[PDB]
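Next come structure tokens for two forms of one protein chain, structure 1 first, structure 2 second.
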Structure 1
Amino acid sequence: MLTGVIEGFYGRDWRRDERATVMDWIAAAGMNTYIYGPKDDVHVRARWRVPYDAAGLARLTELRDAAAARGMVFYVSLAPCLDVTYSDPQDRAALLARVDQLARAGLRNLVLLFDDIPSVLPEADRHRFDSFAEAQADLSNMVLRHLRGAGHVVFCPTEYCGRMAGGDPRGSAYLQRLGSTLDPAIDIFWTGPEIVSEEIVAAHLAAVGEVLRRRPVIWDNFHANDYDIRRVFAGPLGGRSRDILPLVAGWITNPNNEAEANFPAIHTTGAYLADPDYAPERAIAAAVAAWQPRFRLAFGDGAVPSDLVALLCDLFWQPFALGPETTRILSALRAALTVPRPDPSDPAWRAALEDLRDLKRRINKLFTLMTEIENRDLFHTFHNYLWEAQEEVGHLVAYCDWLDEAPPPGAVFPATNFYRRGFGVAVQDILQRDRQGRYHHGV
């Protein structure tokens, strides 16, 4: 089974030391694959016809050797999809020359990406190929046949999730033609019913396997989506049962473009793949214990305490869920805010308010400690998210402190995809602002 990480994002690519770090994490998680395809690298996609110069090729061979030393197979990406004429001898030759340059260097493991195509097939292709599917498969088979039995090919389809495929993937003309034309030795990426899938279920993957005529390699965007750079997810992998593993040929985690964000994603995904009894809250506890040394404070032996690293995960948990600890604190608050004016002597209101004030104290401590850690990149990764978390809990405690002083009914607080969730969203959910500018809690 092919398992690991794809470096495929926009923005700065990873430094050599960052790539080493992430590879160590992949190896320790019991995974076995690193795929290289950064948007930073002009050769992968934007100018895919242009072979690497001598130095670039050498950078790739050294990465391979670095992954090999760790027990990992190294793949190189090629994305000849934006402006290819699939039948054109010159374009076919250009793709084969890319493949040949890599293969001769001993880079024989390739990913061919077709996720961004024109609306209509080029009329140079239309009499020879009946579809994009037929065209992409022929071009990819050509690559496979060139490698002469040494090397492996993974294909990223144009329709790579259920919504793009039209719902039921068996209903897609593209996928139907792809499954019957693409050589069986070529693997195919799949992200689930959506680009970022809340759940990936057995029945769904059975349908995918039917139409692809093979089990897919999962390309999981749960922790990161190349086209959503405003989010960080440090919680455990969730929404995928162990019972789907006999239905897949691999598991490739899409990483956050910030290297340091990815520790729990990789650690818990590793646990999911290896352990029959995987349970997300137990897995995240294990990841917090292993992650904590990276939180060493500058100029000392101490580190951010475990309880506060666990809070970091809880606050920035999953795309469709706040972490369990902060969810319960906010839910107990909602349940005491069923009345317009909470009774300050009420035990339930009092309990809910103390756990909120305590949550603010712990966020404030975590925020301050993070500014003081030795690993400055880890600090930068979480700073703005923690800044916003701090401001939001600040506003909510201020609001509830005001309700606790028992204001008159008429007084107002003095100023200064729907499955998706987060701390910021959950706070505003409770503390709303009406058309007049007035904060309230939905009476």
Structure 2
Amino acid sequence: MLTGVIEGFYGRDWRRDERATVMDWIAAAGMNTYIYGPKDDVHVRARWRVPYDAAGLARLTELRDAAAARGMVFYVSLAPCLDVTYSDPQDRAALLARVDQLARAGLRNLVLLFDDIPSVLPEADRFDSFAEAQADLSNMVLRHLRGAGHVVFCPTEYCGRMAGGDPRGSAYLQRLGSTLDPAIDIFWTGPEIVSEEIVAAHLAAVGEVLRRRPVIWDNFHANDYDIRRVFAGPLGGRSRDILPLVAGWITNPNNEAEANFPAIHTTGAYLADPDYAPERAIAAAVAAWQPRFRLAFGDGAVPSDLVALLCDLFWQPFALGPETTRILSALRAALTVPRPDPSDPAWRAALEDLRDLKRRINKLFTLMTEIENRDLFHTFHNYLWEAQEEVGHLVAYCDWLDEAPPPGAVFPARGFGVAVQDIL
């Protein structure tokens, strides 16, 4: 089974040290695949007919080798879907020269992406469909490798919603399933681009129409679409019972390399462990992550409980972490009335936990500014700044209610920020 990371998100490309770091993490998580396909690389997509430079190939072979050194396989992406005439011999040879330049460089693991297409088939073509054309084009690529290499296909309709709800209801998928060579794997992101859950019944349906088990392309931890947010919590919403229904697991992670330690650590635990539990898994990721938080000029590091807090604040796309969730729910239960009673123990307890949360966020903020690893600092600073401001606002508001102000009086002047603003 193919497992690992795709560098396939909308952001900056990683440096060579960053890719090397990510590769260590993937291998340590017991995963086996790294897929190269950054938007930085003009050859991947924007100008796909243009073969790599001598130096560009060199860079890729280097990555292949850094991955092989780690017990991982390395794939190269090609996205000839925007301006493709699927029947044109000039385009076909150009695709084939791309494939051949790589194949002969000894880079035979490929992804072919068809995610962004023209609304109608190009005149010099209208096969019966986009599906048949892409399928034919992809089979060509397969037949060119002569059974020595591997191809994964990213389809145009890659989640339930884009397939109309039930994937068995899509014609593109119907046709893709029957025309695409069975040696070629197909990506799927679940019922949505960013799926809150991916359930067994859903993937049974997908398997039927594609006539094969899909390779998961999981966007659970991606943050390109919302640069206001980052996801440092554990992989959630996918039961272990869906794994017999898949051909693979590729994570599309956060834009910033340093952000991805927990996403990779917990995904790998999900893949390896029958008893995977998100809260237990994030505890192990924190314990293994903490050494990256060494303080500058010092032997000490950010303490474990604060690293744990970081994950808790910036948890999942559809959930704040359990610790901050319960602290805010207890405060909500106490704000059931407009004027909390300062003497009430329930309000007293909620408030003190809120105030403690602020102290802890403030320590974490300050400590992060002092860490040796500046990239890790840069990765989190702004998210932490917002967290620290709106817990500040929440405490000032509740500190105000704790003075028994007369009613009528007015206060003088998914994730953490929004949860807080929802309470205001």
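The term rigid core refers to the maximal set of C-alpha atoms that superpose within 1.5 Å between the two forms. Residue 1 is the first residue of structure 1, and the numbers go on in sequence order from there. Only residues modelled in both forms are compared.
Compared between structure 1 and structure 2 on the core, the listed residues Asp116, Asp358, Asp228, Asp83 keep their C-alpha shifts below 2 Å, save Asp228. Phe9 shows a C-alpha shift of 2 Å or greater between structure 1 and structure 2 [criterion: core-superposed Cα displacement of 2 Å]. Core superposition places the Cα of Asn256 1.1 Å apart between structure 1 and structure 2.
Taking the core as reference, the C-alpha deviation of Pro246 between structure 1 and structure 2 is 0.2 Å.
Shifted regions between structure 1 and structure 2 (core-superposed; runs of 3+ residues, all CA displacements of 2 Å or more, residues common to both forms): 9-12, 225-230.
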